[PDB]
Structures are given as C-alpha cells and as structure tokens.
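What follows is a short report on a single structure.
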Amino acid sequence: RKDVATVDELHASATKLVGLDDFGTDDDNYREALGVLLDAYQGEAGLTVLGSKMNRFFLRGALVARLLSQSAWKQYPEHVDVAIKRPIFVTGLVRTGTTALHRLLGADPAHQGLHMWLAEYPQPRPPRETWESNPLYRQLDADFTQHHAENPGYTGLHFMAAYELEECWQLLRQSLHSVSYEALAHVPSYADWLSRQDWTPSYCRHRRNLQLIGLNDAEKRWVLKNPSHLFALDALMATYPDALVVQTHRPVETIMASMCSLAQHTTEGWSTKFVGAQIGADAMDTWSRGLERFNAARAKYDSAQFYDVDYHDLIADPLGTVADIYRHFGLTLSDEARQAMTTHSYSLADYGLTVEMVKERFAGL
C-alpha cells in the first residue's frame with residue numbers, strides 16, 4: 001500500500017539484498033533518526049503508492065550503504081591511521097554554483113573527491129586506470145547507462161555518472177541525518193527534529209568513510225560539497241578543526257522558484273501533499289534556517305578558514321575565482337591543476353510565493 005516500511009523491515013530488506021547483518025553500533029543515533037523519519041513520511045508526507053515505493057527503496061539503500069561501510073572498515077582496519085589534512089568543504093543552496101565549484105576544486109590532481117560509485121559502494125578508491133575493468137564500477141556504471149537510456153532525465157529521480165563527484169548526503173544518509181529528505185518530501189516533524197540534533201556523531205562517521213575511501217590517496221586533500229554543511233558547521237569543525245569552508249552566494253529571490261521547480265519535477269507523482277505552495281513553504285523554511293544557522297555558527301571560528309564566493313563573480317571567471325580561493329587559503333595552484341580545471345515556465349506564484357516574501361525571509365542571508 002502507501003506505507004513505507006517499519007524499522008525492522010528495512011534492516012531485514014537491507015540484509016536480504018547483500019547478506020550483511022552488522023549495522024555497527026548506534027553511536028550516530030541512526031535508529032532514532034530512522035524512526036522519526038518514518039513517522040514523518042507515514043504521518044504527513046502524503047505519499048502515493050509510487051512515493052512509498054521510492055522512499056522504501058531510498059531508506060533500504062541508506063542501510064545497505066551503512067552495511068557496506070561497516071564491512072569495509074573491517075576489511076581495511078588501517079583506514080583509522082589516515083589523516084585528513086585541511087579538507088575543503090563547499091556549501092550553499094542549489095543553483096548557486098556549488099556543483100561548478102565542486103568539480104573545479106575536485107579537478108586538482110593533488111585533490112580527491114567523493115566519486116559517485118564509491119559513495120554508492122564504500123571501499124578504498126582503486127587506481128583510476130583500473131575502473132573500466134573493475135567488477136563493481138562496471139556494475140554501477142551499467143545501472144546508470146541503463147536507467148539513463150530508459151528515461152532521458154526529467155520527471156522523477158535523476159542519477160549521476162559513476163565517475164562524477166557526489167555530495168556528502170550520500171555518506172550522511174548512512175546515519176539518517178540529512179537535509180535532503182525535507183527538500184524532497186513534506187516531513188516537517190523530521191526537519192524540526194533534525195534542527196535540534198547534534199550532527200557531530202554523523203560527521204565523525206563521515207570522516208571514517210573519507211579515511212576508508214581515501215586509503216590509497218592519503219596525500220591528497222579531500223574536497224567535499226553538500227547542503228548539510230550550512231546546518232552542521234559546528235559538527236564539521238569539531239570533526240575537521242582545520243577545515244577550509246567555501247560558501248556560494250546568490251540572491252535567493254532569483255532562484256527560489258527554480259529550486260521549487262526542481263523539487264517538484266524530481267518528486268512528481270510521489271505525494272499529493274508535497275506539491276505547489278507546500279513545496280514553497282517548506283523550501284522557504286529549510287533554506288532560511290540553513291543560511292541563518294551557518295551565519296550564526298561561523299562567527300565563533302577563525303575567518304581565515306572561510307571564503308565567500310558570489311555566483312556572478314564565479315560565472316564570469318571560474319579559474320580566477322578558484323585562483324583567489326587558493327590564494328586566500330595559502331594553497332599553491334599548480335599548472336596541472338589549472339589545466340585539469342580548464343577542461344513550460346515556472347514562477348514564484350506557482351509555489352505560493354511573492355518576490356517580496358522571499359526577500360523578506362532571506363534578509364541578510
């Protein structure tokens with residue numbers, strides 16, 4: 001029916017799929033998170049048969065990923081000795097240039113990013129030249145090319161190339177702590193609960209996963225990108241004290257409609273509640289909280305570890321912006337890095353909003 005599933009059922013389904021049953025300890029409070037999220041989906045998300053099927057798939061997927069990481073850590077205990085030095089974290093709203101920046105900073109040969117297939121299947125990153133011959137990479141690469149050929153994007157989910165860089169929610173979902181959920185469904189009870197949580201345990205797990213995935217590239221600086229960093233800066237800094245954080249900026253009133261339209265099209269047919277004006281209301285709340293929380297938390301840290309990028313200064317000149325980011329953080333921009341780097345309608349009214357409402361809610365953000 002329209003029910004998603006129970007906590008026990010999800011664990012059982014995850015184990016049924018891969019045969020693993022060690023979900024690790026509950027030090028990241030993933031069980032409570034999952035329960036709160038399930039209660040939200042089944043009590044207020046207004047999910048359809050399709051919506052329930054999709055979220056059941058996504059939640060089982062999060063637990064399967066959790067199982068894979070737990071097993072990987074046992075297979076590679078030496079991951080604990082991997083030091084993560086001065087990692088770069090990119091964050092900001094969708095449609096503000098985070099993806100472009102992520103790809104640019106992650107293009108530096110001396111840097112490393114979260115490749116999609118590794119986020120889907122946590123394990124030490126094999127040498128690049130071996131991927132096309134790797135059973136798991138080919139396996140995942142096949143799924144993409146397949147689902148892609150099926151429906152050329154639009155109307156529903158959206159996958160990514162196996163070799164492309166993924167966002168941190170792909171790792172944080174293992175702890176069921178993510179702001180992705182409230183941006184794809186009407187789950188205010190979960191959004192509220194999450195706003196009161198200490199993200200530190202989830203970021204500690206995030207780090208353990210970076211240690212594992214980066215086991216063969218210990219000398220490379222990690223580059224991450226994800227919307228959660230706006231909401232969990234304290235946890236981020238507690239886990240990565242020497243982090244270099246870059247925030248993208250763009251007047252929200254110029255992208256709110258686009259943000260809602262993206263959510264609408266991605267989740268089309270999944271719910272009778274998360275549509276139109278409700279998407280607008282939820283987005284206004286989620287992102288104003290994210291930007292406000294980032295500003296509030298950022299004040300207590302050394303400004304030398306932060307950089308603000310304007311979408312307009314970025315688009316005009318990508319390499320110049322990146323060069324200034326490196327300069328600001330005292331990083332050397334190599335020649336190889338530069339080369340690698342050089343390589344109907346919708347409206348606010350559709351979502352029950354006015355430009356005045358957006359400028360007001362995001363005043364100073």
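Letters A, B, ... go to the chains of the structure tokens in the order shown; residues in each chain start at 1; ligands are counted from 1 in the same order.
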Output as JSON lines one row per residue of stretch 158-237 of chain A within 10 Å of stretch 264-275 of chain A: the closest atom pair and its distance in Å to one decimal place, counting only C-alpha atoms, sorted by chain and residue number ascending.
```
{"residue": "A:158", "atom": "CA", "partner": "A:266", "partner_atom": "CA", "distance": 7.3}
{"residue": "A:182", "atom": "CA", "partner": "A:274", "partner_atom": "CA", "distance": 9.9}
{"residue": "A:183", "atom": "CA", "partner": "A:274", "partner_atom": "CA", "distance": 9.5}
{"residue": "A:184", "atom": "CA", "partner": "A:267", "partner_atom": "CA", "distance": 6.5}
{"residue": "A:185", "atom": "CA", "partner": "A:274", "partner_atom": "CA", "distance": 5.7}
{"residue": "A:186", "atom": "CA", "partner": "A:274", "partner_atom": "CA", "distance": 5.3}
{"residue": "A:187", "atom": "CA", "partner": "A:274", "partner_atom": "CA", "distance": 9.0}
```
Write to file, as a compact mmCIF listing (two decimals), in the first residue's frame, the residues of the selection just made, with N, CA, C and O atoms.
```txt
# COMPACT_ATOMS: atom_id res chain seq x y z
N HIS A 158 16.88 11.14 -10.61
CA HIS A 158 17.94 11.55 -11.51
C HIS A 158 19.23 10.93 -10.98
O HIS A 158 19.58 11.11 -9.81
N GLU A 182 13.85 16.53 3.73
CA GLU A 182 12.85 17.59 3.81
C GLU A 182 12.74 18.43 2.54
O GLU A 182 11.79 19.19 2.39
N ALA A 183 13.71 18.29 1.64
CA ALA A 183 13.69 19.04 0.38
C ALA A 183 13.06 18.20 -0.73
O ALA A 183 12.87 18.68 -1.85
N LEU A 184 12.72 16.95 -0.42
CA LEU A 184 12.12 16.04 -1.39
C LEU A 184 10.78 15.48 -0.93
O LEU A 184 10.14 14.71 -1.64
N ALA A 185 10.36 15.87 0.27
CA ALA A 185 9.10 15.41 0.83
C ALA A 185 8.67 16.35 1.94
O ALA A 185 9.48 17.09 2.49
N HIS A 186 7.38 16.31 2.25
CA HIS A 186 6.84 17.15 3.31
C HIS A 186 6.98 16.37 4.61
O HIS A 186 6.11 15.57 4.96
N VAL A 187 8.08 16.60 5.31
CA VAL A 187 8.33 15.92 6.58
C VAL A 187 8.76 16.93 7.64
O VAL A 187 9.85 16.82 8.22
```
Give me the residues within 10 Å of stretch 222-229 of chain A as an mmCIF file with N, CA and C atoms, in the first residue's frame, counting only C-alpha atoms and dropping any in the same chain fewer than 4 places off.
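Result file is around_11.cif:
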```
data_model
loop_
_atom_site.group_PDB
_atom_site.id
_atom_site.type_symbol
_atom_site.label_atom_id
_atom_site.label_comp_id
_atom_site.auth_asym_id
_atom_site.auth_seq_id
_atom_site.Cartn_x
_atom_site.Cartn_y
_atom_site.Cartn_z
ATOM 1 N N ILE A 84 43.310 13.339 7.718
ATOM 2 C CA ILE A 84 42.629 14.200 6.758
ATOM 3 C C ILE A 84 43.111 15.614 7.071
ATOM 4 N N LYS A 85 43.996 16.146 6.233
ATOM 5 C CA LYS A 85 44.545 17.477 6.466
ATOM 6 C C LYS A 85 43.935 18.594 5.633
ATOM 7 N N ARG A 86 43.496 19.637 6.333
ATOM 8 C CA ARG A 86 42.895 20.820 5.725
ATOM 9 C C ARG A 86 41.991 20.536 4.527
ATOM 10 N N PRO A 87 40.922 19.756 4.746
ATOM 11 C CA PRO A 87 39.985 19.429 3.667
ATOM 12 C C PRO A 87 39.181 20.666 3.288
ATOM 13 N N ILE A 88 38.713 20.710 2.045
ATOM 14 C CA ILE A 88 37.899 21.824 1.574
ATOM 15 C C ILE A 88 36.442 21.384 1.515
ATOM 16 N N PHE A 89 35.571 22.193 2.110
ATOM 17 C CA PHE A 89 34.137 21.931 2.122
ATOM 18 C C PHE A 89 33.403 23.046 1.397
ATOM 19 N N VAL A 90 32.649 22.680 0.367
ATOM 20 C CA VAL A 90 31.865 23.646 -0.385
ATOM 21 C C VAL A 90 30.413 23.489 0.042
ATOM 22 N N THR A 91 29.722 24.604 0.241
ATOM 23 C CA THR A 91 28.324 24.522 0.618
ATOM 24 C C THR A 91 27.578 25.755 0.133
ATOM 25 N N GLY A 92 26.255 25.671 0.181
ATOM 26 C CA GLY A 92 25.404 26.751 -0.277
ATOM 27 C C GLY A 92 24.155 26.119 -0.857
ATOM 28 N N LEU A 93 23.202 26.941 -1.276
ATOM 29 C CA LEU A 93 21.962 26.429 -1.850
ATOM 30 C C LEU A 93 22.167 25.886 -3.250
ATOM 31 N N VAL A 94 21.232 25.056 -3.694
ATOM 32 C CA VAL A 94 21.313 24.534 -5.044
ATOM 33 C C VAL A 94 21.079 25.770 -5.915
ATOM 34 N N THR A 98 27.496 25.661 -6.450
ATOM 35 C CA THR A 98 28.245 24.678 -5.668
ATOM 36 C C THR A 98 28.767 23.528 -6.525
ATOM 37 N N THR A 99 27.973 23.082 -7.494
ATOM 38 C CA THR A 99 28.398 21.986 -8.357
ATOM 39 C C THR A 99 29.600 22.375 -9.205
ATOM 40 N N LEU A 101 31.809 24.684 -8.598
ATOM 41 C CA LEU A 101 32.961 24.854 -7.717
ATOM 42 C C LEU A 101 33.504 23.499 -7.274
ATOM 43 N N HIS A 102 32.588 22.585 -6.976
ATOM 44 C CA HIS A 102 32.933 21.236 -6.541
ATOM 45 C C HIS A 102 33.790 20.544 -7.603
ATOM 46 N N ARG A 103 33.341 20.607 -8.852
ATOM 47 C CA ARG A 103 34.056 19.987 -9.962
ATOM 48 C C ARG A 103 35.408 20.647 -10.208
ATOM 49 N N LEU A 104 35.460 21.966 -10.064
ATOM 50 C CA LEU A 104 36.705 22.693 -10.272
ATOM 51 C C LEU A 104 37.738 22.336 -9.208
ATOM 52 N N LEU A 105 37.384 22.533 -7.943
ATOM 53 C CA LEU A 105 38.304 22.230 -6.854
ATOM 54 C C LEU A 105 38.666 20.746 -6.826
ATOM 55 N N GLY A 106 37.725 19.895 -7.223
ATOM 56 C CA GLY A 106 37.987 18.466 -7.226
ATOM 57 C C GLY A 106 38.804 18.000 -8.417
ATOM 58 N N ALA A 107 39.041 18.900 -9.367
ATOM 59 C CA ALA A 107 39.804 18.580 -10.570
ATOM 60 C C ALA A 107 41.311 18.603 -10.328
ATOM 61 N N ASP A 108 41.736 19.295 -9.277
ATOM 62 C CA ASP A 108 43.155 19.378 -8.944
ATOM 63 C C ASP A 108 43.667 17.954 -8.725
ATOM 64 N N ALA A 110 46.045 16.931 -7.148
ATOM 65 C CA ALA A 110 46.533 16.792 -5.781
ATOM 66 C C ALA A 110 45.369 16.736 -4.795
ATOM 67 N N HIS A 111 44.154 16.766 -5.331
ATOM 68 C CA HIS A 111 42.940 16.704 -4.518
ATOM 69 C C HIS A 111 42.181 15.429 -4.858
ATOM 70 N N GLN A 112 41.198 15.095 -4.032
ATOM 71 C CA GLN A 112 40.377 13.918 -4.261
ATOM 72 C C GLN A 112 38.943 14.243 -3.867
ATOM 73 N N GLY A 113 37.994 13.700 -4.623
ATOM 74 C CA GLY A 113 36.587 13.929 -4.351
ATOM 75 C C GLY A 113 35.837 12.627 -4.155
ATOM 76 N N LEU A 114 34.582 12.732 -3.731
ATOM 77 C CA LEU A 114 33.746 11.565 -3.477
ATOM 78 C C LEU A 114 33.103 11.029 -4.750
ATOM 79 N N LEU A 165 31.641 13.430 -9.254
ATOM 80 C CA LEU A 165 31.728 13.683 -7.819
ATOM 81 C C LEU A 165 30.346 13.857 -7.200
ATOM 82 N N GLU A 166 30.123 13.157 -6.093
ATOM 83 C CA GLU A 166 28.853 13.184 -5.376
ATOM 84 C C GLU A 166 28.886 14.047 -4.118
ATOM 85 N N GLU A 167 27.695 14.413 -3.655
ATOM 86 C CA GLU A 167 27.540 15.221 -2.454
ATOM 87 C C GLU A 167 27.603 14.351 -1.204
ATOM 88 N N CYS A 168 27.932 14.981 -0.081
ATOM 89 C CA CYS A 168 28.072 14.272 1.186
ATOM 90 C C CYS A 168 26.827 13.577 1.721
ATOM 91 N N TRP A 169 25.638 13.964 1.261
ATOM 92 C CA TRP A 169 24.440 13.297 1.763
ATOM 93 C C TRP A 169 24.499 11.808 1.444
ATOM 94 N N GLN A 170 25.258 11.442 0.411
ATOM 95 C CA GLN A 170 25.384 10.036 0.044
ATOM 96 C C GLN A 170 26.071 9.253 1.157
ATOM 97 N N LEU A 172 26.213 10.747 4.604
ATOM 98 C CA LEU A 172 25.433 11.070 5.796
ATOM 99 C C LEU A 172 24.122 10.289 5.898
ATOM 100 N N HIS A 177 20.766 11.185 8.927
ATOM 101 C CA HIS A 177 20.808 12.603 9.303
ATOM 102 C C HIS A 177 21.136 13.326 8.002
ATOM 103 N N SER A 178 20.138 13.970 7.409
ATOM 104 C CA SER A 178 20.338 14.649 6.134
ATOM 105 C C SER A 178 19.237 15.659 5.853
ATOM 106 N N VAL A 179 19.597 16.797 5.265
ATOM 107 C CA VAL A 179 18.583 17.792 4.932
ATOM 108 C C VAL A 179 17.999 17.517 3.546
ATOM 109 N N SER A 180 18.412 16.409 2.932
ATOM 110 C CA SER A 180 17.899 16.050 1.613
ATOM 111 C C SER A 180 16.442 15.607 1.710
ATOM 112 N N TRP A 199 24.955 17.069 15.188
ATOM 113 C CA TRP A 199 25.426 16.369 13.997
ATOM 114 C C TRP A 199 26.807 15.746 14.150
ATOM 115 N N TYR A 203 29.015 13.367 11.519
ATOM 116 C CA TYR A 203 30.204 13.835 10.818
ATOM 117 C C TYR A 203 31.414 12.975 11.151
ATOM 118 N N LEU A 210 35.658 8.870 4.769
ATOM 119 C CA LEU A 210 36.666 9.524 3.938
ATOM 120 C C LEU A 210 38.003 8.802 4.124
ATOM 121 N N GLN A 211 38.292 8.388 5.357
ATOM 122 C CA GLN A 211 39.528 7.662 5.653
ATOM 123 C C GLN A 211 39.576 6.361 4.858
ATOM 124 N N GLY A 214 39.574 7.126 0.969
ATOM 125 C CA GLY A 214 40.838 7.748 0.615
ATOM 126 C C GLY A 214 42.081 7.016 1.093
ATOM 127 N N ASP A 217 44.928 7.213 -1.255
ATOM 128 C CA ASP A 217 45.241 8.572 -1.692
ATOM 129 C C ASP A 217 45.443 9.489 -0.490
ATOM 130 N N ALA A 218 46.064 8.958 0.556
ATOM 131 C CA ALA A 218 46.287 9.699 1.793
ATOM 132 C C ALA A 218 46.936 11.072 1.650
ATOM 133 N N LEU A 233 27.738 23.217 10.726
ATOM 134 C CA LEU A 233 29.088 23.745 10.777
ATOM 135 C C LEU A 233 29.825 23.404 12.071
ATOM 136 N N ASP A 234 29.141 23.444 13.212
ATOM 137 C CA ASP A 234 29.825 23.117 14.459
ATOM 138 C C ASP A 234 30.327 21.678 14.442
ATOM 139 N N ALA A 235 29.515 20.760 13.922
ATOM 140 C CA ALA A 235 29.917 19.360 13.852
ATOM 141 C C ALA A 235 31.066 19.210 12.866
ATOM 142 N N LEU A 236 30.990 19.959 11.773
ATOM 143 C CA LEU A 236 32.021 19.924 10.755
ATOM 144 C C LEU A 236 33.357 20.362 11.354
ATOM 145 N N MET A 237 33.362 21.498 12.044
ATOM 146 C CA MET A 237 34.597 21.996 12.645
ATOM 147 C C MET A 237 35.101 21.111 13.783
ATOM 148 N N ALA A 243 39.434 22.613 8.766
ATOM 149 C CA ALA A 243 38.699 22.688 7.508
ATOM 150 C C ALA A 243 38.717 24.056 6.837
ATOM 151 N N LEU A 244 38.656 24.032 5.509
ATOM 152 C CA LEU A 244 38.615 25.240 4.694
ATOM 153 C C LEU A 244 37.212 25.207 4.099
ATOM 154 N N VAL A 245 36.385 26.170 4.486
ATOM 155 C CA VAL A 245 34.998 26.207 4.041
ATOM 156 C C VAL A 245 34.705 27.327 3.051
ATOM 157 N N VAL A 246 34.093 26.960 1.927
ATOM 158 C CA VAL A 246 33.727 27.911 0.884
ATOM 159 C C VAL A 246 32.212 27.916 0.721
ATOM 160 N N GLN A 247 31.606 29.089 0.872
ATOM 161 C CA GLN A 247 30.162 29.224 0.726
ATOM 162 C C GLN A 247 29.824 30.041 -0.514
ATOM 163 N N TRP A 287 15.747 26.433 3.784
ATOM 164 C CA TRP A 287 16.913 27.210 3.402
ATOM 165 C C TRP A 287 17.170 28.491 4.176
ATOM 166 N N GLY A 290 18.948 27.091 7.108
ATOM 167 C CA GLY A 290 20.301 26.714 6.740
ATOM 168 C C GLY A 290 21.252 27.895 6.686
ATOM 169 N N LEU A 291 20.860 28.943 5.970
ATOM 170 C CA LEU A 291 21.714 30.115 5.854
ATOM 171 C C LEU A 291 21.897 30.836 7.190
ATOM 172 N N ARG A 293 21.633 29.475 10.262
ATOM 173 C CA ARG A 293 22.444 28.633 11.137
ATOM 174 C C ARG A 293 23.923 28.677 10.768
ATOM 175 N N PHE A 294 24.219 28.773 9.473
ATOM 176 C CA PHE A 294 25.609 28.838 9.033
ATOM 177 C C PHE A 294 26.218 30.153 9.512
#
```
task: Would you please give, as a PyMOL selection string, all residues of stretch 122-197 of chain A that DSSP assigns to helix (DSSP H, G or I) based on the backbone?
output: chain A and resi 128-133+135-150+169-175+181-183+188-195
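Atom pair atom CA of residue A:46 / atom CA of residue A:188 has a distance of 12.1 Å (rounded to one decimal).
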message: Given only C-alpha atoms as the basis, pick out the residue of A:230, A:7, A:284, A:119 nearest to residue A:355.
response: A:284
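From atom CA of residue A:137 back to atom CA of residue A:81, the distance works out to 25.9 Å.
Atom CA of residue A:133 is found 16.1 Å from atom CA of residue A:121.
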